[PDB]
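K.L.:
Next up is a structure, given as structure tokens.
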Amino acid sequence: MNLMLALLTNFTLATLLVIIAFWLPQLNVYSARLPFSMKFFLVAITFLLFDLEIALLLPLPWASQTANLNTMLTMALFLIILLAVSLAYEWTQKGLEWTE
Amino acid sequence: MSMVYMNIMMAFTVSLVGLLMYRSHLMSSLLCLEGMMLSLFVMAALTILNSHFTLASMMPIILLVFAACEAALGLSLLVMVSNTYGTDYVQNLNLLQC
Amino acid sequence: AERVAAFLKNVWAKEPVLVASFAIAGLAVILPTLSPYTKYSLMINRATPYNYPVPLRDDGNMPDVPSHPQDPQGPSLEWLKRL
Amino acid sequence: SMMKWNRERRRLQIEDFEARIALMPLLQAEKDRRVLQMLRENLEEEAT
Amino acid sequence: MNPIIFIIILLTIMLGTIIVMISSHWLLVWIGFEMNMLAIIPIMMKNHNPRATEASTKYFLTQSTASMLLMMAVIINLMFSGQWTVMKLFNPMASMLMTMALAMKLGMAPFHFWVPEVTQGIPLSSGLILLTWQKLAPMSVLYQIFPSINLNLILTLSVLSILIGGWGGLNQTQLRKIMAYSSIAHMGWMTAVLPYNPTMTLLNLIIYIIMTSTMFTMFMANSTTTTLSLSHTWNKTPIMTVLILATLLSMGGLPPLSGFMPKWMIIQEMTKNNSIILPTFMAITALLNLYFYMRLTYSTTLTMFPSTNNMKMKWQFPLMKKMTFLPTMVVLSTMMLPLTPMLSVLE
Amino acid sequence: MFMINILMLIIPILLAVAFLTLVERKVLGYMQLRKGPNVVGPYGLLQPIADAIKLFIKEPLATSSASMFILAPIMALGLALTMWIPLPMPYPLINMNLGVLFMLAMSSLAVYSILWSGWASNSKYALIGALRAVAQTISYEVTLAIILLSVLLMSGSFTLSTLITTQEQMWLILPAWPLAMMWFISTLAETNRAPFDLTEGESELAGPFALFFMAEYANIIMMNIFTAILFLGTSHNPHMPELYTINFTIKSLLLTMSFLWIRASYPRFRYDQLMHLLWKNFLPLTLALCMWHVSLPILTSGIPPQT
Amino acid sequence: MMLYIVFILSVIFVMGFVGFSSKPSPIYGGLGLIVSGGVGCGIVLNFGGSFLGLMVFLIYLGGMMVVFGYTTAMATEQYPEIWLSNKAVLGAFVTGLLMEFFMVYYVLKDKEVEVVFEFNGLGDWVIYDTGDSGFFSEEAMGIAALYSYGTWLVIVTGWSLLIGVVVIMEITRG
Amino acid sequence: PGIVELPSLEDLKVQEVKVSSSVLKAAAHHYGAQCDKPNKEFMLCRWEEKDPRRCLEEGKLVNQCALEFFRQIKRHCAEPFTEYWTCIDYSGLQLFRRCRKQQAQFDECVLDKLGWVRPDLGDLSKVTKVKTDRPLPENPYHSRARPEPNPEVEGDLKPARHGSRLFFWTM
Ligand SMILES: CCCCCCCCCCCCO[C@@H]1O[C@H](CO)[C@@H](O[C@H]2O[C@H](CO)[C@@H](O)[C@H](O)[C@H]2O)[C@H](O)[C@H]1O
Ligand SMILES: CCCCCCCCCCCCO[C@@H]1O[C@H](CO)[C@@H](O[C@H]2O[C@H](CO)[C@@H](O)[C@H](O)[C@H]2O)[C@H](O)[C@H]1O
Ligand SMILES: CCCCCCCCCCCCO[C@@H]1O[C@H](CO)[C@@H](O[C@H]2O[C@H](CO)[C@@H](O)[C@H](O)[C@H]2O)[C@H](O)[C@H]1O
Ligand SMILES: N=C(N)NC(=N)NCCc1ccc(I)c(Cl)c1
């Protein structure tokens, strides 16, 4: 209940601050493609794919508690190396360049 | 079945009907596709958590990861379509009629 | 070898960030196999009792199984205390 | 320094976990009676 | 495409299929389809044109929808049995959803509309993969879940595909569309016999793949995508016209050629089960396919169509395309009937 | 009782933000051989109040979508306050078992306020500026998440108060100063602070404005509080918790003041150059150090406890 | 009552789905999916899925849906059409909204309902597990097992993500 | 289906150990050493019978041993123990490492006046062995008779009679 109360308070207050911010006494009586750039799209997609790999690494602090450490360490490094290979491929294919 | 399954199953059906009844934007149909995944993630998580199927706890994550990768591919196709015609309208994808 | 050292000096001058990255990544892959302490990581993890240790029905032929927690038989953690 | 402290923290965790193991039979004995009492109580009301 | 990347993408297409075929867990089956679909899109797009982009997008939407329905069937199956083992499903609604999902992936009627359009819009080599290798993974799942499949649903899907495939091919002059509708009809034979004898499904699938690969390879050797273009073959590679004639007659199911064998054995298995009306209806309906196979033979081999003057320039250069395995594939496509009892290896 | 506790967090956060604007102006001023605000109240102590009143009675000067024009500042300010509720100082308002993940999850949502306000700007050029800002923010989210995971492999859990225990004997900046360096820079880039203040840079080449400003400056304080806990752990004495709060406040103030110090000291990055700093420099090192910090506890037998 | 919190969240879940499934402007459709994602996390949280719930926020909302909105602003819609101004969208939205309410009314009135299939209506709390006194999170133990039991899952998943990068670079090079 | 047999409300009654969890945590290490035998007999029963109704008598002995355990602390070491568990009770996580001085006073008191020795690190997590006159259950799962396996196939593999026998083929 406490977290729900905290969230409701934070955003309820934010709503109220926006309210009075827009309405105070004034005292007066009188879908195309946005110049599409492919490079910014690939940044977003690259972030997504790296974000999914981060999702796979987040369990690592718990995984280190296993007795199967031989398997666990090998798979942890394997995942990170494959992430590095992804970066290396994008790098060498000019995917990190902002010219042209 | 438990009461929650009614609405989660309904949500999948709503998104499936949404996906099968296209309008104009291809993006709108992609959102329904990701809505389907979301309802699948929730239903799978509920079943796995409630039954205490411990090792299956990773399955919703795998589903999420692969489905996000599929969505990334779909978004790439959408931008290539948009580059060709200037919109993501599905009525433009009718060359293979003939 | 001399060609190897000349290559390393070149990258050290032009791309020290990448040289450091690869060196750190190489140490991470290699050092666990060379470390005398890596074996204790396996032992400490196994020694942590997450669930209840269910007792065994005594059939009269288990001289290696302690009858009481403070009896001498059974695994000892004295190696862990001194660690 | 981190290795030494984490090793001590592992020893402190084992001691904490062993305190739980000492108490688990008592807690299990209580949980059994509480569950059976509740089921028995639910049974009296069903009969009525 | 970089040649090394093309190899790795081809291997990923194969790996995704292999994962589906070796998996005992439903999640891994789903992963195999996801990986396979991811790797095939780049070879549909490789020639970079609006038609190839439309085909890749139409393909993506169909397969993604089918994979969502498959995951639904898996999750419903988990709810009602508490397990993921790849086998019979434990809930009739799950069985219908998986059957419909796999029918969509195979392009069976009435989920067939994408097959002619996607095949037309991609290169011949990509169409070769689409209409042969891609059938393996869905058919291998059907091989394992067939005990729980609704008999009326599967036989209705089969009958519709044989009719739609047969009729759809009659109106085609594009070779890729002819192959697409031909593929739809042949899928119907494969699923019609599956409830009775899955072994005969495997036999039909293997032989279909062999003849389909032969035809695509022969189209690729001459860079022919239309009937009229194929009609110039006689004035360039006369041997090729004879091979095309023999292969088409085999795909028509004419004895004594290899393509008679799957239809022959499917009719046997169905009659052993007192199914007489259905096999007879299927065999007569397959005459539609024979008609538009015969039409191609008339314009390719049995008559000489008009030529062009610039064709003479082609007489001075040899075929340099790989035509890999073509001599073996054509002989298997036509001359295998005397070895029919060898089908027991598939048991 | 709990609602009082929430307000004893929300109100001081907004007051701290107000007077950070004064501290920033005066610290920058003295580094520039001048004074900064010193007329509006003694030593400028009423300057934030005058600025606040002024902005709120200013004319509130068409949106392309009213719902998103109002959603963006509510999201920004609401999310910013939410990031504070799991912070242990030394006791959190909400004690989350996965507090670190919660902060990571909530911070990833903050980019929607940028996106929504770009959509509501009704201007092609403002939408493009918003998309450039979003690309920067998500780029540096990558290293922040990986750096955080590397540190937690020494702590053992996603609970923020466990970082206190992990640093009972020693600050984590000593075993992890290479990560501390990239973490600190990543926070600057994440908050669009100089030399990464490209939204205000590239742009020039009332109440609603104030609300976005409060959200950003609350995030700046919060990020430096997170940095203090992550790398400069204060010792907690359960019988004298105020001792922790004093020491931990001083560290957070100094870290915040170093954000101002850095603004005063360097020119701005080009957009492509700050992208290369991330994708070609920080990310390679972060990946290599992530592998290293996975291996190190195993090879030293220094794996922390799960609990 | 708070005892029906999961059901109430599930009701909101459906309305958000009817929101984007009727397909207004993709800007608003994206908003409807975000609200459903947050509500979907809340449902998962109340079944003990703390880590799973937060992954929806971190990955589904903070990653995938951010990229969806980024792409929409760049290649689909830059200015949203007024919500429900289209007749089909309004009709589809109203049609789905009424179906959900009729479902919710009856299940609450009778504490059960048959919408094609039979659903109990006593509250999802009734099926919960009655014994839990372990010193760990079972969800965390299961997810952590990916690195000990799921070697094969890691290999195929990691490979697919690498091919995702390779494939997308091929698709977009044109 | 039949009736779930439940013990009467009277058969469940027993004298409770109504002390808080910091008290139990404070006494846990000596409690495990002192009351091991009835405790392990009870836990063996639970894991063998898989039925709480079948171990009520052993569960009652667990309670009696604990009550007698805490009566001996009260008789002799009430004051040092109270300081110790009050120290534990202050911590939000009830941490042992915050109370080593008070633990030392309680540990020295029980050793002096009761001979109790605190078990070492690792002791209480051992798998021990219990001697019980209770008979080992036969069918704790209440399994039915398993279905009979399919008739096995044995013999010599000979060539197929006249080959495939497929239509006209002679091999
Ligand atoms: C592109 C693919 C990249 C894949 C990269 C994979 C790299 C893997 C490198 C290290 C893998 C093994 O790393 C480490 O090796 C030593 C070898 O003594 C193992 O052995 C060590 O730990 C085990 C515990 O399991 C002890 O029993 C043993 O006495 C000890 O020496 C470790 O258990 C293992 O953690
Ligand atoms: C194409 C639609 C796509 C959207 C799909 C929407 C989700 C569908 C959810 C299906 C889950 C319900 O599945 C259905 O549950 C009921 C509950 O007992 C089962 O049970 C029902 O039929 C069997 C018949 O022997 C008996 O149990 C009983 O008569 C009846 O209760 C059904 O056998 C099962 O098919
Ligand atoms: C943080 C709490 C602060 C509490 C302070 C409470 C004070 C309430 C009295 C506010 C008086 C504001 O005074 C008034 O503000 C509005 C702001 O647009 C100004 O502007 C207004 O008037 C001008 C014409 O004069 C109009 O063209 C304009 O559209 C209108 O906005 C006025 O020129 C100013 O006279
Ligand atoms: N960037 C600075 N430090 N100076 C500055 N002019 N800040 C902005 C001024 C400001 C905005 C909102 C509020 I509420 C307050 Cl009190 C003050």
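Here, A, B, ... name the chains of the structure tokens in the order displayed, residue numbers run from 1 inside each chain, and ligands are numbered from 1 in the same displayed order.
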May I have the residues within 12 Å of residue D:26 as a short mmCIF file (atom, residue, chain, number, x, y, z; two decimals) with C-alpha atoms, in the first residue's frame, using only C-alpha atoms and disregarding those fewer than 2 positions away in the same chain?
P.N.:
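Contents of part-v9.cif, freshly written:
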```cif
data_model
loop_
_atom_site.label_atom_id
_atom_site.label_comp_id
_atom_site.auth_asym_id
_atom_site.auth_seq_id
_atom_site.Cartn_x
_atom_site.Cartn_y
_atom_site.Cartn_z
CA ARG D 20 16.90 -20.47 10.83
CA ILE D 21 17.62 -24.19 10.48
CA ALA D 22 17.62 -24.57 14.27
CA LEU D 23 14.18 -22.96 14.53
CA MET D 24 12.60 -24.63 11.49
CA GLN D 28 7.01 -26.42 11.12
CA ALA D 29 5.33 -28.01 14.14
CA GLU D 30 3.31 -24.83 14.70
CA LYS D 31 2.39 -24.39 11.04
CA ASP D 32 0.97 -27.92 10.91
CA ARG D 33 -1.34 -27.40 13.88
CA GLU H 16 2.64 -22.72 22.82
CA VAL H 17 6.07 -21.08 22.79
CA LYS H 18 4.78 -17.51 22.87
CA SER H 21 11.32 -14.00 16.80
CA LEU H 24 14.05 -17.34 19.12
CA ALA H 28 18.57 -20.46 18.16
CA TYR H 31 18.32 -24.40 21.00
CA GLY H 32 19.55 -26.39 18.01
CA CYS H 35 16.71 -29.91 21.38
CA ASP H 36 18.22 -31.66 18.35
CA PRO H 38 13.09 -34.50 19.25
CA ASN H 39 13.45 -31.89 16.51
CA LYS H 40 15.17 -34.26 14.08
CA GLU H 41 12.72 -37.04 14.92
CA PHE H 42 9.89 -34.67 14.02
CA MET H 43 11.48 -33.53 10.76
CA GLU H 58 6.16 -35.72 17.43
CA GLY H 59 5.16 -32.10 16.90
CA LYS H 60 3.97 -31.91 20.50
CA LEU H 61 7.31 -33.26 21.72
CA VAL H 62 9.04 -30.50 19.78
CA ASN H 63 7.01 -27.94 21.72
CA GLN H 64 7.72 -29.60 25.07
CA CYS H 65 11.47 -29.67 24.44
CA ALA H 66 11.49 -25.98 23.52
CA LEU H 67 9.45 -25.00 26.58
#
```
K.L.:
Step one, run DSSP on the backbone; step two, keep only residues of chain G assigned to alpha helix (DSSP H); then write them as a PyMOL selection string.
P.N.:
chain G and resi 5-21+26-45+50-55+66-75+87-110+138-144+151-173
K.L.:
Neighbouring residues of residue A:42 were defined as those with any atom within 10 Å, considering only C-alpha atoms; residues of the same chain fewer than 5 positions away were excluded. Please report them as a VMD selection string.
P.N.:
(chain A and resid 37 47 to 48 95 to 96) or (chain B and resid 76) or (chain F and resid 135) or (chain G and resid 165 168 to 169 172)
K.L.:
Could you save the residues just selected, with N, CA and C atoms, as a PDB file, in the first residue's frame?
P.N.:
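Contents of out.pdb, as written:
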```
ATOM      1  N   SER A  37      16.044  10.407 -41.116  1.00  0.00           N
ATOM      2  CA  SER A  37      17.458  10.067 -41.129  1.00  0.00           C
ATOM      3  C   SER A  37      17.620   8.642 -40.626  1.00  0.00           C
ATOM      4  N   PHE A  47      20.352   0.401 -29.575  1.00  0.00           N
ATOM      5  CA  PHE A  47      20.078   0.480 -28.146  1.00  0.00           C
ATOM      6  C   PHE A  47      19.139  -0.636 -27.716  1.00  0.00           C
ATOM      7  N   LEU A  48      18.098  -0.895 -28.507  1.00  0.00           N
ATOM      8  CA  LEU A  48      17.148  -1.947 -28.165  1.00  0.00           C
ATOM      9  C   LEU A  48      17.844  -3.296 -28.054  1.00  0.00           C
ATOM     10  N   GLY A  95      28.626   1.423 -38.917  1.00  0.00           N
ATOM     11  CA  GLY A  95      27.369   1.675 -38.251  1.00  0.00           C
ATOM     12  C   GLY A  95      27.430   2.693 -37.139  1.00  0.00           C
ATOM     13  N   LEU A  96      28.630   3.085 -36.721  1.00  0.00           N
ATOM     14  CA  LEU A  96      28.815   4.085 -35.681  1.00  0.00           C
ATOM     15  C   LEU A  96      29.302   5.415 -36.241  1.00  0.00           C
TER      16      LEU A  96
ATOM     17  N   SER B  76      12.230  -2.127 -38.691  1.00  0.00           N
ATOM     18  CA  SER B  76      13.135  -1.878 -39.806  1.00  0.00           C
ATOM     19  C   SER B  76      12.412  -1.997 -41.138  1.00  0.00           C
TER      20      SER B  76
ATOM     21  N   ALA F 135      18.120  10.018 -28.462  1.00  0.00           N
ATOM     22  CA  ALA F 135      19.196   9.131 -28.885  1.00  0.00           C
ATOM     23  C   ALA F 135      20.394   9.236 -27.953  1.00  0.00           C
TER      24      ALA F 135
ATOM     25  N   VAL G 165      21.447  -7.964 -34.964  1.00  0.00           N
ATOM     26  CA  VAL G 165      22.263  -6.824 -35.372  1.00  0.00           C
ATOM     27  C   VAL G 165      22.658  -6.959 -36.832  1.00  0.00           C
ATOM     28  N   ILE G 168      19.581  -6.548 -39.245  1.00  0.00           N
ATOM     29  CA  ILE G 168      18.996  -5.216 -39.337  1.00  0.00           C
ATOM     30  C   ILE G 168      19.917  -4.280 -40.107  1.00  0.00           C
ATOM     31  N   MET G 169      21.229  -4.435 -39.946  1.00  0.00           N
ATOM     32  CA  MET G 169      22.154  -3.637 -40.741  1.00  0.00           C
ATOM     33  C   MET G 169      22.020  -3.960 -42.225  1.00  0.00           C
ATOM     34  N   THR G 172      18.543  -2.358 -43.620  1.00  0.00           N
ATOM     35  CA  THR G 172      18.473  -0.910 -43.731  1.00  0.00           C
ATOM     36  C   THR G 172      19.527  -0.309 -44.653  1.00  0.00           C
TER      37      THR G 172
END
```
K.L.:
How close does each residue of chain G get to chain A, giving the shortest atom pair and distance in Å to one decimal for every residue with an atom at most 6 Å away, counting only C-alpha atoms, sorted by chain and residue number, as a Markdown table?
P.N.:
```
| residue | atom | partner | partner_atom | distance |
| --- | --- | --- | --- | --- |
| G:63 | CA | A:48 | CA | 5.7 |
| G:67 | CA | A:44 | CA | 5.9 |
| G:74 | CA | A:34 | CA | 5.1 |
| G:75 | CA | A:33 | CA | 4.2 |
| G:76 | CA | A:31 | CA | 5.7 |
| G:77 | CA | A:31 | CA | 3.9 |
| G:78 | CA | A:31 | CA | 5.1 |
| G:144 | CA | A:63 | CA | 4.7 |
| G:147 | CA | A:72 | CA | 4.8 |
| G:148 | CA | A:72 | CA | 5.4 |
| G:162 | CA | A:86 | CA | 5.7 |
```
K.L.:
Please, which residues have at least one atom within 12 Å of an atom of ligand 2, using only C-alpha atoms and all ligand atoms, listed as a ChimeraX atom specification?
P.N.:
/B:1-2,5-20,36,39-40,43 /E:65-66,68-81,89-101 /G:114-120
K.L.:
Write as a VMD selection string the residues around ligand 3, taking 10 Å as the cut-off and counting only C-alpha atoms and all ligand atoms.
P.N.:
(chain A and resid 17 20 to 21 23 to 30) or (chain F and resid 49 to 61 206 to 207)
K.L.:
Could you save the residues just selected, with N, CA and C atoms, as a PDB file, in the first residue's frame?
P.N.:
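Saved result, part02.pdb, follows:
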```pdb
ATOM      1  N   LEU A  17       0.711  20.796  -9.651  1.00  0.00           N
ATOM      2  CA  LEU A  17       1.646  21.856 -10.004  1.00  0.00           C
ATOM      3  C   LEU A  17       1.435  22.309 -11.441  1.00  0.00           C
ATOM      4  N   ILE A  20      -2.072  24.713 -11.437  1.00  0.00           N
ATOM      5  CA  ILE A  20      -1.928  26.120 -11.079  1.00  0.00           C
ATOM      6  C   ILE A  20      -0.934  26.809 -12.003  1.00  0.00           C
ATOM      7  N   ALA A  21       0.027  26.059 -12.544  1.00  0.00           N
ATOM      8  CA  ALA A  21       0.970  26.635 -13.491  1.00  0.00           C
ATOM      9  C   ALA A  21       0.284  27.135 -14.754  1.00  0.00           C
ATOM     10  N   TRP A  23      -3.173  28.118 -14.848  1.00  0.00           N
ATOM     11  CA  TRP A  23      -4.379  28.901 -14.571  1.00  0.00           C
ATOM     12  C   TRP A  23      -4.141  29.739 -13.317  1.00  0.00           C
ATOM     13  N   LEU A  24      -3.690  30.967 -13.519  1.00  0.00           N
ATOM     14  CA  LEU A  24      -3.561  31.973 -12.478  1.00  0.00           C
ATOM     15  C   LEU A  24      -4.185  33.270 -12.966  1.00  0.00           C
ATOM     16  N   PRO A  25      -4.591  34.153 -12.052  1.00  0.00           N
ATOM     17  CA  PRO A  25      -5.218  35.409 -12.482  1.00  0.00           C
ATOM     18  C   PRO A  25      -4.304  36.195 -13.411  1.00  0.00           C
ATOM     19  N   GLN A  26      -4.893  36.740 -14.474  1.00  0.00           N
ATOM     20  CA  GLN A  26      -4.150  37.428 -15.522  1.00  0.00           C
ATOM     21  C   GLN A  26      -4.388  38.929 -15.559  1.00  0.00           C
ATOM     22  N   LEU A  27      -5.561  39.395 -15.121  1.00  0.00           N
ATOM     23  CA  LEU A  27      -5.872  40.809 -14.906  1.00  0.00           C
ATOM     24  C   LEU A  27      -6.110  41.590 -16.192  1.00  0.00           C
ATOM     25  N   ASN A  28      -6.381  40.924 -17.311  1.00  0.00           N
ATOM     26  CA  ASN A  28      -6.611  41.596 -18.582  1.00  0.00           C
ATOM     27  C   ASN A  28      -8.061  41.421 -19.009  1.00  0.00           C
ATOM     28  N   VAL A  29      -8.628  42.484 -19.584  1.00  0.00           N
ATOM     29  CA  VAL A  29     -10.018  42.484 -20.031  1.00  0.00           C
ATOM     30  C   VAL A  29     -10.155  42.270 -21.533  1.00  0.00           C
ATOM     31  N   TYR A  30      -9.072  42.377 -22.295  1.00  0.00           N
ATOM     32  CA  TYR A  30      -9.135  42.238 -23.745  1.00  0.00           C
ATOM     33  C   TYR A  30      -8.570  40.899 -24.198  1.00  0.00           C
TER      34      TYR A  30
ATOM     35  N   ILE F  49      13.320  32.382  -4.523  1.00  0.00           N
ATOM     36  CA  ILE F  49      11.919  32.695  -4.274  1.00  0.00           C
ATOM     37  C   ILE F  49      11.416  33.730  -5.270  1.00  0.00           C
ATOM     38  N   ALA F  50      12.217  34.761  -5.540  1.00  0.00           N
ATOM     39  CA  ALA F  50      11.828  35.749  -6.540  1.00  0.00           C
ATOM     40  C   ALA F  50      11.707  35.113  -7.915  1.00  0.00           C
ATOM     41  N   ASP F  51      12.674  34.278  -8.291  1.00  0.00           N
ATOM     42  CA  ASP F  51      12.594  33.593  -9.574  1.00  0.00           C
ATOM     43  C   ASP F  51      11.356  32.713  -9.644  1.00  0.00           C
ATOM     44  N   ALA F  52      11.063  31.983  -8.567  1.00  0.00           N
ATOM     45  CA  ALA F  52       9.925  31.069  -8.574  1.00  0.00           C
ATOM     46  C   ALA F  52       8.613  31.823  -8.724  1.00  0.00           C
ATOM     47  N   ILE F  53       8.424  32.891  -7.950  1.00  0.00           N
ATOM     48  CA  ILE F  53       7.197  33.673  -8.069  1.00  0.00           C
ATOM     49  C   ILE F  53       7.100  34.287  -9.457  1.00  0.00           C
ATOM     50  N   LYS F  54       8.198  34.869  -9.938  1.00  0.00           N
ATOM     51  CA  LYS F  54       8.198  35.502 -11.250  1.00  0.00           C
ATOM     52  C   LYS F  54       7.722  34.533 -12.321  1.00  0.00           C
ATOM     53  N   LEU F  55       8.308  33.339 -12.358  1.00  0.00           N
ATOM     54  CA  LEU F  55       7.975  32.392 -13.410  1.00  0.00           C
ATOM     55  C   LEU F  55       6.514  31.980 -13.354  1.00  0.00           C
ATOM     56  N   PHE F  56       5.932  31.901 -12.162  1.00  0.00           N
ATOM     57  CA  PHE F  56       4.581  31.375 -12.052  1.00  0.00           C
ATOM     58  C   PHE F  56       3.502  32.411 -12.335  1.00  0.00           C
ATOM     59  N   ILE F  57       3.817  33.706 -12.297  1.00  0.00           N
ATOM     60  CA  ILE F  57       2.864  34.738 -12.689  1.00  0.00           C
ATOM     61  C   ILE F  57       3.168  35.285 -14.079  1.00  0.00           C
ATOM     62  N   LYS F  58       4.054  34.634 -14.819  1.00  0.00           N
ATOM     63  CA  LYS F  58       4.337  35.009 -16.192  1.00  0.00           C
ATOM     64  C   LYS F  58       3.247  34.476 -17.111  1.00  0.00           C
ATOM     65  N   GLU F  59       3.007  35.189 -18.200  1.00  0.00           N
ATOM     66  CA  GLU F  59       2.057  34.715 -19.191  1.00  0.00           C
ATOM     67  C   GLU F  59       2.421  33.294 -19.619  1.00  0.00           C
ATOM     68  N   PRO F  60       1.499  32.335 -19.526  1.00  0.00           N
ATOM     69  CA  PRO F  60       1.822  30.945 -19.885  1.00  0.00           C
ATOM     70  C   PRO F  60       1.754  30.698 -21.390  1.00  0.00           C
ATOM     71  N   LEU F  61       2.638  31.358 -22.127  1.00  0.00           N
ATOM     72  CA  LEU F  61       2.631  31.271 -23.579  1.00  0.00           C
ATOM     73  C   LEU F  61       3.203  29.942 -24.061  1.00  0.00           C
ATOM     74  N   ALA F 206       7.176  30.145 -18.242  1.00  0.00           N
ATOM     75  CA  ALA F 206       6.443  30.409 -17.012  1.00  0.00           C
ATOM     76  C   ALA F 206       6.401  29.154 -16.132  1.00  0.00           C
ATOM     77  N   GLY F 207       5.207  28.756 -15.700  1.00  0.00           N
ATOM     78  CA  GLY F 207       5.054  27.622 -14.823  1.00  0.00           C
ATOM     79  C   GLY F 207       5.478  26.317 -15.466  1.00  0.00           C
TER      80      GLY F 207
END
```
K.L.:
Would you kindly report the residues of chain B within 7 Å of chain E, using only C-alpha atoms, as number ranges by chain?
P.N.:
B: 40, 44, 47, 77, 81, 84, 93, 95-97
K.L.:
Mind checking which residues fall within 9 Å of residue E:235, counting only C-alpha atoms, ignoring those fewer than 5 positions away in the same chain, and posting them as an MDAnalysis selection string?
P.N.:
chainID E and resid 304:305 307 311:312 315
K.L.:
Report as a PyMOL selection string all protein, DNA and RNA residues lying within 12 Å of residue D:38, evaluated on only C-alpha atoms, omitting residues in the same chain fewer than 3 positions from it.
P.N.:
(chain D and resi 31-35+41-45) or (chain G and resi 130) or (chain H and resi 6-9+12)
K.L.:
Those selected residues, please, written with C-alpha atoms and delivered as a PDB file, in the first residue's frame.
P.N.:
```
ATOM      1  CA  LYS D  31       2.386 -24.391  11.037  1.00  0.00           C
ATOM      2  CA  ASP D  32       0.965 -27.916  10.906  1.00  0.00           C
ATOM      3  CA  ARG D  33      -1.340 -27.402  13.883  1.00  0.00           C
ATOM      4  CA  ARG D  34      -2.448 -23.961  12.700  1.00  0.00           C
ATOM      5  CA  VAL D  35      -3.361 -25.297   9.257  1.00  0.00           C
ATOM      6  CA  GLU D  41     -12.837 -24.945  11.974  1.00  0.00           C
ATOM      7  CA  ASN D  42     -13.913 -24.582   8.337  1.00  0.00           C
ATOM      8  CA  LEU D  43     -15.374 -28.083   8.634  1.00  0.00           C
ATOM      9  CA  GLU D  44     -17.616 -27.249  11.598  1.00  0.00           C
ATOM     10  CA  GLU D  45     -19.169 -24.343   9.714  1.00  0.00           C
TER      11      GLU D  45
ATOM     12  CA  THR G 130      -0.629 -21.118   1.584  1.00  0.00           C
TER      13      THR G 130
ATOM     14  CA  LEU H   6      -9.102 -34.188  10.301  1.00  0.00           C
ATOM     15  CA  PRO H   7      -7.981 -34.360  13.941  1.00  0.00           C
ATOM     16  CA  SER H   8     -10.340 -32.854  16.474  1.00  0.00           C
ATOM     17  CA  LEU H   9      -9.687 -29.394  17.880  1.00  0.00           C
ATOM     18  CA  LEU H  12      -4.316 -30.216  18.240  1.00  0.00           C
TER      19      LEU H  12
END
```
K.L.:
Wanna dump the chain H-chain C contacts at 9 Å for me, each residue with its shortest atom pair and the distance in Å to one decimal, counting only C-alpha atoms, ordered by chain and number, as a tab-separated table?
P.N.:
```
residue	atom	partner	partner_atom	distance
H:32	CA	C:69	CA	8.2
H:33	CA	C:69	CA	6.8
H:36	CA	C:68	CA	6.9
H:37	CA	C:68	CA	7.7
H:40	CA	C:55	CA	6.4
H:41	CA	C:55	CA	8.2
H:43	CA	C:54	CA	6.9
H:44	CA	C:55	CA	6.0
H:47	CA	C:54	CA	7.5
H:119	CA	C:70	CA	6.1
H:120	CA	C:70	CA	7.7
H:121	CA	C:77	CA	6.4
H:122	CA	C:77	CA	5.6
H:123	CA	C:69	CA	5.0
H:124	CA	C:69	CA	5.3
H:125	CA	C:53	CA	6.1
H:126	CA	C:69	CA	6.1
H:127	CA	C:53	CA	5.2
H:128	CA	C:66	CA	4.9
H:129	CA	C:56	CA	4.6
H:130	CA	C:58	CA	5.3
H:131	CA	C:58	CA	5.1
H:132	CA	C:57	CA	7.3
H:136	CA	C:57	CA	8.8
```
K.L.:
For chain G, which residues have at least one atom within 10 Å of chain F, if we go by only C-alpha atoms? Write them as a ChimeraX atom specification, please.
P.N.:
/G:27-28,31,50-51,54-59,61-63,65-67,69-71,73-74,77-83,135-137
